[PDB]
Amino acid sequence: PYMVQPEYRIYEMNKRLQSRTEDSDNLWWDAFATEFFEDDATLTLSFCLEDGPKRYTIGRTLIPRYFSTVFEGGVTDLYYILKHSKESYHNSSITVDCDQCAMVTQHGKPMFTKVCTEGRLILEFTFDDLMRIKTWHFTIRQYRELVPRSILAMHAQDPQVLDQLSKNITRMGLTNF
């Protein structure tokens, strides 16, 4: 009766990523993959290095493992910004071809780094009622680790920062790290 256009599917995927928790198990990730990918889908990461092109292709089975992995090291947020996508409708598929795609991951402590991985993202959807990704190909061109700067001078005098210093010397020694 209706049909989701493909950019709404991606907003859905960002929204679903936002409800992941530190308690989300592997079954939650399996359902994430079942929601958005096809049963035979693949996910490819591509780099152009001095040695030549580097392909990393993940089968459908490990697509859930991949997303769980991106979250592993204290990550709290992951989302996708697609800038100026081009859609092309085919007989049985739609392709979303984004030249400026940014994958954003927010880290927690101690750095609270915002990581931006940017490149070309090619998405092949099925012209389906379900509208799931059949191929995900991400060619990485650019990478940034953004660190919050200390905005005010008095921040370097915060007694909580100095306590963190003193709490190291309490648990470890002064001659000890």
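One-based numbering along the sequence shown.
Here the stretch with the larger average CA B-factor, out of 116 to 124 and 23 to 31, is 23 to 31. In this entry, 6 to 14 shows the higher mean Cα temperature factor of the pair 149 to 157 and 6 to 14. In this PDB entry, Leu165 carries a Cα temperature factor that places it within the middle third of its chain's modelled residues. Among the modelled residues of the chain, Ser93 sits in the highest third by CA temperature factor in this PDB entry. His107: CA B factor in the lowest third of modelled residues in this chain (values from the PDB entry). When the modelled residues of the chain are ordered by C-alpha B-factor, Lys134 sits in the middle third. The deposited CA B-factor of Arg65 belongs to the middle third of values across its chain.
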